[PDB]
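Here's a solo chain for you in structure tokens, the form deposited without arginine.
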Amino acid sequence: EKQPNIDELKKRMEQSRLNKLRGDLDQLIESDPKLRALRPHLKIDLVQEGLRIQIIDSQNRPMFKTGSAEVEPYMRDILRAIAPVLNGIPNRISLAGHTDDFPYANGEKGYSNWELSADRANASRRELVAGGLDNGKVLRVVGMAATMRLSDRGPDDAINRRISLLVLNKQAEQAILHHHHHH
């Protein structure tokens, strides 16, 4: 009832802030006809670490052309549109790239899905900043290569190529700071 109660309080307040951000992002996408047309690529959900925004490929509409870390026009549009809204709260963010463009776990001695995934996370980062994301908002960029694929190769594997933007709650941010500072 002591520390825990006050702990739960802060947790709930943070959730309410991230929940409002979630509704705000969904509304931004809905009210803009061009962004709404791109909604099939957007998946937003609340996770233990905060609020996750995934921008996923479709086979006919990839956010990055195969083998490239250059954003497509609609990818730039999505990122620049959400940027100012992400500034609505003080929370920092992490960007993670998931990529399977190149042969699965092959020729990893050179440029592979590791470099491409990280480069795509950073390309997305640059668009958020160009779109107005406050300086210092980003806390981490991650390349996950194809280690978190959601589908084996085939007609529905476009989901293996996606950019994940995680708006970190206090604990998640603290866990990251501790991870790189402890000892």
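For the two forms, the rigid core is made up of the largest set of C-alpha atoms that agree within 1.5 Å on superposition. Numbering starts at 1 and follows the sequence shown.
A second form of this protein, the form solved in complex with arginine, is not displayed here; the remarks below concern that form.
Engineer: Taking the pose of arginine in the bound PDB entry and superimposing the site C-alphas, would you call this form open or blocked (blocked if 3 or more ligand atoms are within 2.4 Å of a backbone or C-beta atom)?
Structural biologist: Judged against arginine in the bound PDB entry, the pocket is blocked.
Engineer: Verify the flagged residues 87, 93 and 130 against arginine in the bound PDB entry: is each one within 4.5 Å by a non-hydrogen atom?
Structural biologist: No.
Engineer: Taking heavy atoms and a 4.5 Å cut-off, does residue 66 contact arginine in the bound PDB entry?
Structural biologist: The answer is yes: residue 66 has a heavy atom within 4.5 Å of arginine.
Engineer: So in the bound PDB entry, does residue 102 come within 4.5 Å of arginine, heavy atom to heavy atom?
Structural biologist: Residue 102 belongs to the contact set for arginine.
Engineer: Test of understanding: in the bound PDB entry, would residue 116 fall inside 4.5 Å of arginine by heavy atoms?
Structural biologist: Taking the distances in the bound PDB entry, the answer for residue 116 is yes, it comes within 4.5 Å of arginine.
Engineer: Which among 122-130, 58-66, 135-143, 41-49 is in contact with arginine in the bound PDB entry, heavy atoms within 4.5 angstroms?
Structural biologist: Of the options, only 58-66 has residues within 4.5 Å of the partner.
Engineer: Please find the residue from 52, 149, 125, 140 showing a Cα shift of 2 angstroms or more between this form and the one not shown, rigid core superposed.
Structural biologist: The displaced C-alpha is that of 149.
Engineer: For residue 158, state whether the C-alpha moves by 2 Å or more between this form and the one not shown after rigid core superposition.
Structural biologist: After core superposition, the C-alpha of residue 158 moves 2 Å or more between this form and the one not shown.
Engineer: Using a rigid core alignment, state whether the CA of residue 87 is displaced by 2 Å or more between this form and the one not shown.
Structural biologist: Shift of 2 Å or more: no.
Engineer: So the CA-CA distance for residue 63 and residue 160 moves by at least 3 angstroms in the bound PDB entry. Closer or farther than here?
Structural biologist: Pair moves closer in the bound PDB entry.
Engineer: In the bound PDB entry, do the Cα atoms of residue 104 and residue 67 sit closer or farther apart than here, given a shift of 3 Å or more?
Structural biologist: Residues converge in the bound PDB entry, at least 3 Å closer.
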